[PDB]
Amino acid sequence: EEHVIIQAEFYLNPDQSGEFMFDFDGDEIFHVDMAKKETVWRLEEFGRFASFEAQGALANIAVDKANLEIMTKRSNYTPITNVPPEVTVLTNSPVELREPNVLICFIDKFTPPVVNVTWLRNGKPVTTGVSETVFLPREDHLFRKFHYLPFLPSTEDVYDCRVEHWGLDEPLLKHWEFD
Amino acid sequence: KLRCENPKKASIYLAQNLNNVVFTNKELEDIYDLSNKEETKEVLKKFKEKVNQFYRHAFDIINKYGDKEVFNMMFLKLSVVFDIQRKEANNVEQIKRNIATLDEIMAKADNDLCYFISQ
Amino acid sequence: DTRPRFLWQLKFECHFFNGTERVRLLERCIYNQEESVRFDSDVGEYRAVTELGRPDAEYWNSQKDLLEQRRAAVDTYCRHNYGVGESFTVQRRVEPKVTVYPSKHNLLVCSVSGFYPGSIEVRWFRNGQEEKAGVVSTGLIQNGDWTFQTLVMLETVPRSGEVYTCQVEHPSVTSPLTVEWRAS
Amino acid sequence: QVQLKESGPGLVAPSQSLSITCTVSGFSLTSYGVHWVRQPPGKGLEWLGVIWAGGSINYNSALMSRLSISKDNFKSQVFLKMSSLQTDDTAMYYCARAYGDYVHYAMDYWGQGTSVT
Amino acid sequence: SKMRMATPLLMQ
Amino acid sequence: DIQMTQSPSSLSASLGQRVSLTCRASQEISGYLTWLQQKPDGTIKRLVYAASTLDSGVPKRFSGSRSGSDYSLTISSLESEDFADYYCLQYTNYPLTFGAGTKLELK
Ligand SMILES: *[C@@H]1O[C@H](CO)[C@@H](O)[C@H](O)[C@H]1NC(C)=O
Ligand SMILES: *[C@@H]1O[C@H](CO)[C@@H](O)[C@H](O)[C@H]1NC(C)=O
Ligand SMILES: *[C@@H]1O[C@H](CO)[C@@H](O)[C@H](O)[C@H]1NC(C)=O
């Protein structure tokens with residue numbers, strides 16, 4: 001038997017972004033939205049059995065911020081290498097026509113964690129029902145991220161997980177279509 | 001402020017020796033100047049007032065108690081709040097949340113201070 | 001935007017072996033793609049992975065009180081959070097939804113989808129004959145929403161009448177889930 | 001697992017045609033790109049060209065007008081050609097794998113090497 | 001009950 | 001054509017010693033550097049890519065680094081199978097250029 005529980009946080013400059021989440025064998029338990037000061041559970045059932053106060057994560061980001069600015073001057077402002085992402089488009093289950101499913105855009109092995117993810121249906125951006133995770137950690141210290149588009153599979157639509165990273169030159173578009 | 005009857009747990013982050021955490025008056029005005037629309041005028045006065053309330057409360061703690069750990073942690077957490085303020089300085093709801101957040105940080109500062117003195 | 005970027009990461013990891021008998025705590029600090037400092041519960045202190053993290057290790061390891069609370073974090077943090085969440089994380093049991101379908105007549109795929117945990121066991125049978133020659137598996141796919149999926153493909157298609165059977169053995173079920181596929 | 005294997009004739013008479021083949025297993029060429037490198041006996045390496053997963057090919061300016069790189073995704077093998085042989089083409093020929101279709105994806109897995117003298 | 005958290009340290 | 005100057009051509013050291021291989025470019029390469037190892041048998045294996053990202057199947061004694069325009073590959077302790085040839089590689093733009101190379105010798 002082997003189980004792993006991970007608490008992962010990061011801070012980024014000069015975008016001034018942060019994160020705080022919990023991980024179990026590569027699956028997220030909860031994260032805190034610091035803008036709203038609310039604890040968000042990955043599955044709604046998890047809130048009925050355990051509780052976490054989102055207020056305590058604020059002091060962690062305040063330490064992550066002061067750590068990053070100390071490491072930047074120490075490395076002589078050595079920029080991070082913009083590692084381009086490997087992007088995979090999956091589905092939650094085998095797909096069927098006119099039967100609800102969930103498109104998954106696995107954005108893997110990238111750094112830093114800034115991505116302009118946009119679900120494109122026949123070329124136009126879509127935000128109806130779109131869900132996303134937070135930047136999930138990795139063993140090689142790169143990042144994973146899942147973007148979900150609850151969709152009704154059909155043959156008349158094609159989907160693109162347009163990924164914009166600074167390690168690329170043009171936007172990365174990973175295609176998906178039925179059959 | 002009498003000692004808290006039931007102080008909560010107090011974490012430690014080793015923030016005793018940080019310098020240059022307080023935003024000067026010039027830096028504050030740059031933050032306020034981002035609030036320039038017709039709907040933020042009423043709430044900005046509240047925000048500036050609470051920030052002024054935060055500054056006096058924070059600078060009162062350093063005077064007698066002089067707890068550098070929670071003083072610096074207050075501004076380090078404030079630095080995170082001003083980051084949210086910078087990205088949205090015309091959001092009425094967020095400013096009120098940042099006011100409540102700044103009151104939580106003051107409440108947490110008192111909560112942590114009454115814990116440390118007893119210990 | 002072409003300005004340089006600077007990234008800082010922090011991870012706390014609890015490793016569980018045989019329930020809670022052996023617990024390993026691994027705390028890591030990552031600056032720009034490279035781990036610089038780490039805490040190992042077996043070692044019991046911070047070790048500088050690189051020369052960048054060397055000042056941190058000599059600094060964090062000098063605080064006695066925070067090291068004791070970090071060694072004890074196997075109980076107060078790792079074991080505690082294990083008991084808090086084991087009812088929906090470790091004891092979590094979601095049955096696989098197993099289905100079979102032929103691609104294009106070969107490479108018979110057995111879809112094991114929406115199961116938890118990921119410790120799956122898929123075996124192909126030819127009327128009880130466990131076929132091990134043409135089996136190819138895509139691997140264990142993690143969906144990010146506390147589920148898993150996996151496609152296992154069998155290369156050798158049979159003649160008419162040879163009923164291939166995909167058997168799935170998962171901790172969520174005592175009787176293995178069998179989905180049979182027929183022939184021409 | 002991921003493996004790359006180079007094969008090709010070793011006898012290269014002066015002023016002839018050359019051809020090298022690289023065979024890959026454990027991945028797909030529709031998702032990865034193949035580089036080509038060569039190494040003269042007892043000296044350094046020299047990048048020749050690259051073909052990406054989409055099919056875009058980028059040769060070397062110094063050795064252009066001679067190099068030629070192709071692929072066959074179904075057969076999972078790569079090809080190299082170098083016309084107008086000479087005495088400096090004596091070297092070891094290698095192949096390597098890189099992800100995607102952009103130069104900033106690093107190469108990961110190498111072959112063993114085929115020889116021409 | 002409640003999930004707990006570990007707190008980082010500040011570099012020198 | 002970016003010119004890579006691999007600082008050592010040959011290095012002699014015993015086992016369990018720290019060695020550094022420095023690679024320098026004539027232009028800005030934006031941290032896109034890959035390190036390689038070629039054993040005397042003639043097989044080549046990647047160690048570090050993106051100048052700081054260790055490969056998955058690599059011992060934890062191989063470290064990549066970047067400091068301005070000076071890149072490096074560091075071996076914290078030398079085993080018996082570490083004595084081989086090493087080549088840096090820039091891939092920021094075409095043509096990809098390798099260093100001359102470094103031969104690691106058992107003293
Ligand atoms: C930063 O640059 C200074 C001045 O050239 C030099 O002395 C120092 O070693 C450099 N530090 C690093 C980490 O590159
Ligand atoms: C996302 O888009 C914004 C707006 O165009 C741009 O400034 C930013 O650089 C993008 N972020 C990326 C590519 O990571
Ligand atoms: C696993 O832990 C249990 C208690 O949780 C213990 O009884 C058992 O002996 C352990 N297994 C081994 C192999 O030591």
Side-chain angles (χ1 to χ4, degrees), chain A residues 7 9 11 16-21 30-41 47 51-66, chain B residues 1-13 15 18 21-23 28 31-32 35 43-62 65 67-89 91-118, chain E residues 2-8 10:
Chain A
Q7 167 193 333
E9 355 168 327
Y11 193 88
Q16 292 171 335
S17 302
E19 252 203 29
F20 187 101
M21 51 83 66
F30 73 91
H31 78 82
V32 38
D33 266 329
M34 302 257 298
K36 318 180 190 63
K37 304 105 61 58
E38 61 172 6
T39 290
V40 187
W41 299 93
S51 65
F52 182 84
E53 44 178 346
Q55 187 185 206
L58 168 66
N60 275 23
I61 305 305
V63 168
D64 294 359
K65 172 173 186 171
Chain B
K1 176 196 59 55
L2 199 140
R3 292 194 306 177
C4 316
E5 298 182 1
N6 195 338
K8 205 237 177 181
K9 71 155 190 173
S11 304
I12 289 185
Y13 306 89
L18 271 72
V21 285
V22 185
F23 294 78
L28 289 176
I31 302 172
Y32 303 145
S35 302
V43 71
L44 172 60
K45 190 186 66 177
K46 265 58 175 56
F47 187 87
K48 169 61 169 55
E49 197 172 8
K50 181 65 64 179
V51 166
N52 185 262
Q53 288 182 357
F54 177 83
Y55 269 76
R56 266 188 296 100
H57 194 208
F59 278 98
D60 177 69
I61 295 180
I62 187 61
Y65 305 110
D67 189 7
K68 302 184 184 62
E69 164 72 36
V70 76
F71 185 92
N72 297 338
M73 206 65 220
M74 232 186 307
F75 280 105
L76 287 178
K77 282 179 290 185
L78 174 59
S79 298
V80 184
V81 178
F82 278 160
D83 294 355
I84 312 173
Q85 187 78 4
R86 268 184 286 265
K87 314 312 160 195
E88 283 164 349
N91 201 327
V92 189
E93 311 85 298
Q94 180 62 47
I95 292 179
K96 291 189 298 298
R97 276 196 293 266
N98 297 339
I99 292 312
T101 306
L102 209 52
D103 211 324
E104 293 170 357
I105 302 176
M106 283 187 288
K108 285 182 291 182
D110 280 329
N111 173 37
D112 296 326
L113 185 57
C114 57
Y115 178 93
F116 290 145
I117 295 184
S118 61
Chain E
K2 68 168 66 178
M3 280 187 176
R4 305 188 184 186
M5 58 176 298
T7 71
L10 275 169

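All values below come from the heavy atoms of this structure, side chains included, with hydrogens, waters and symmetry mates left out. Below, chain A is the first sequence line, B the second, and so on; all start at residue 1.
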> Can you spot which of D67(B), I12(B), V70(B) makes a side chain to side chain contact (heavy atoms under 4.5 Å, CB included) with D112(B)?
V70(B)
> For the side chain of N111(B) and the backbone of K8(B), is there at least one donor-acceptor N/O pair under 3.5 Å apart?
yes
> Please tell me whether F47(B) and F54(B) form a close aromatic pair, meaning their ring centres lie under 6.0 Å apart.
no
> Could you tell me if the side chain of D110(B) sits less than 4.5 Å from the side chain of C4(B), heavy atoms only?
no
> What is the distance from atom NE2 of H57(B) to atom CG of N52(B), rounded to the nearest 0.5 Å?
13.5 Å
> Just so I know, are the side chains of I31(B) and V51(B) near enough to count as touching, which here means a heavy-atom distance under 4.5 Å?
no
> Nearest 0.5 angstrom please: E104(B) CD to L58(A) CG, how far?
8.5 Å
> Mind checking the OG1-NZ spacing from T101(B) to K50(B)? Nearest 0.5 Å is all I need.
11.5 Å
> Would you compute the distance between atom NZ of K37(A) and atom CD1 of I84(B) and round it to the nearest 0.5 angstrom?
8.5 Å
> Kindly give the heavy-atom pair with the smallest separation between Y13(B) and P8(E), and that separation in Å.
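Closest heavy-atom pair between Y13(B) and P8(E): CD2-O, 3.5 Å.
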> Looking at NZ of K68(B) and CD1 of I62(B), how far apart are the two atoms once the value is rounded to the nearest 0.5 Å?
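Between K68(B) NZ and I62(B) CD1, I get 5.5 Å after rounding to 0.5 Å.
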> State, yes or no, whether a side-chain contact exists between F82(B) and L28(B) at a heavy-atom distance under 4.5 Å.
yes
> Taking atom NZ as the centre, does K45(B) end up with more than 12 heavy-atom neighbours from other residues, nucleotides or ligands that are less than 6.0 angstrom away?
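Incorrect, the count does not exceed 12.
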> How close do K46(B) and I99(B) get, heavy atom to heavy atom, and via which atoms?
O-CD1, 4.2 Å
> So that I can tick it off, tell me whether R97(B) and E88(B) are bridged by a salt bridge, with the cut-off set at under 4.0 angstrom between side-chain N and carboxylate O.
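Not counted as a salt bridge, because no side-chain N and carboxylate O are separated by less than 4.0 Å.
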> Find the distance between CE (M106(B)) and NZ (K77(B)) and round it off to the nearest 0.5 Å.
11.5 Å
> Evaluate the side-chain proximity of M73(B) to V63(A): yes if any heavy-atom separation is below 4.5 Å, no if none is.
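In contact.
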> Side chains of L78(B) and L102(B): closer than 4.5 Å at any heavy-atom pair?
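Answer yes - side chains close enough.
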> Between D64(A) and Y11(A), is there a donor-acceptor pair closer than 3.5 Å when you use the side chain of the first and the backbone of the second?
no
> Indicate the ring-plane relationship of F52(A) and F30(A), choosing parallel, tilted or perpendicular according to the 30° and 60° boundaries.
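Ring orientation, 0 to 90° scale: tilted.
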> Heavy atoms, side chains only, cut-off 4.5 Å: are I95(B) and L44(B) in contact?
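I95(B) does not reach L44(B) side chain to side chain.
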> Can a donor-acceptor pair be found between the side chains of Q94(B) and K87(B) at a distance below 3.5 Å?
no
> For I61(A) and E19(A), work out which heavy atoms get closest and say how close.
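Nearest pair, atom of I61(A) first, then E19(A): CD1-O, 3.1 Å.
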> Do the side-chain N and O atoms of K65(A) and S79(B) include a donor-acceptor pair separated by under 3.5 angstrom?
no
> Decide yes or no for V22(B) and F59(B): does some side-chain heavy atom of the first lie under 4.5 Å from some side-chain heavy atom of the second?
yes
> Identify the heavy atoms of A58(B) and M74(B) that sit nearest to each other, and give their distance.
CB-SD, 3.8 Å
> Using a 6.0 Å cut-off, check whether atom NZ of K96(B) has over 12 heavy atoms from anything other than its own residue.
yes
> Would the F75(B) and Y55(B) ring centres measure less than 6.0 Å apart?
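Ring centroids of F75(B) and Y55(B) are less than 6.0 Å from each other.
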> Work out which heavy atom in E53(A) is nearest to a heavy atom in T39(A); give both atom names and the distance.
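Taking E53(A) first and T39(A) second, the nearest heavy atoms are C-OG1, 3.9 Å.
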> Looking at side-chain heavy atoms only, is the closest gap between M3(E) and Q7(A) below 4.5 Å?
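Not in contact.
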